[PDB]
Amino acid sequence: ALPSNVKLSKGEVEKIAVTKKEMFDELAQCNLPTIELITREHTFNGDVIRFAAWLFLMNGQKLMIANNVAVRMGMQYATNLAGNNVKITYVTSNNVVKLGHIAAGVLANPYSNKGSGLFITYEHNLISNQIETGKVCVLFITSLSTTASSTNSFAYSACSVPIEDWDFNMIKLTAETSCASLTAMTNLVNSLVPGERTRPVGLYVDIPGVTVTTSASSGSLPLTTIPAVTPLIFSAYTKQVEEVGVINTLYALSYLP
């Protein structure tokens, strides 16, 4: 801890750094070489840090409508829209597990209020209300005006990803990385009185083949509920667009690189 700056022994480094051994130890039980299975499972396979961040974002958080859903990899059950645990179906393409889904179940109260949401489904286009075989449907909806505004103005970006190409890591919500959605949303925001302007954010997806579409402005939430029969992957919505950030963060945290 004391010396200026020269090559460290293993013992010195174990003293200066946070070790993986120490991280394992947070969860280790009864002097066993492995973390308990039922813990590993819901814990991103040991990652207590990721799990910590993720956990509160997933639950409660005050302005988020009645139960987020994120079906994670390597698990048996996930909680649906009503907060209940249901069986996961995992989906294969080319011998690889791409994703899981569950029955949406019953959203007690509609989305509302001038917020932002990211929803992801298997084969069920929420906008068009139609099935798209072998695609994953990504939907981002948001207020364009601020919570304090007196203008009702909303929009959405959307795209469909062939299941073979699907990769959780290549999706994000952004206000800085250039792409069709950010550009469109930026133009859409600028239609409002300056005082009522949001910080534009877009649906960025970097998977070749896929183009992301952005709607026109709406003055009414593009999506209010989700049919309970819906094969659902991920669903999260704040009542306050000012916090759209946390929704990107949740999603980023839900799935491994």
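Residue indices: 1-based, along the sequence shown.
Average Cα temperature factor in the PDB entry - higher stretch of 117-125, 163-171:
Mean CA B-factor is higher for 163-171.
Hey, which bit's got the bigger mean C-alpha B factor in the entry, 87-95 or 180-188?
Per the PDB record, 87-95.
Which has the highest CA B-factor per the PDB entry: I35, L223, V69, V229?
Of the candidates given, the C-alpha B-factor peaks at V229.
Of the options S157, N152, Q76, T79, which has the highest CA B factor as deposited?
Largest recorded C-alpha B-factor: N152.
What third of its chain, lowest, middle or highest, does the C-alpha temperature factor of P110 fall into?
As the PDB entry reports it, the C-alpha B-factor of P110 lands in the highest third of its chain.
Ordered by C-alpha B-factor within the chain, which third holds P194? Give me lowest, middle or highest, please.
For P194, the deposited C-alpha B-factor lands in the lowest third.
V136: which third of its chain by C-alpha temperature factor?
Middle third, going by the recorded CA B-factors of the chain.
Lowest, middle or highest third of the chain for the C-alpha temperature factor of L27?
As the PDB entry reports it, the C-alpha B-factor of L27 lands in the lowest third of its chain.
For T147, the third of its chain into which the C-alpha B factor falls
Middle third - that is where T147 ends up once the chain's C-alpha B-factors are sorted.
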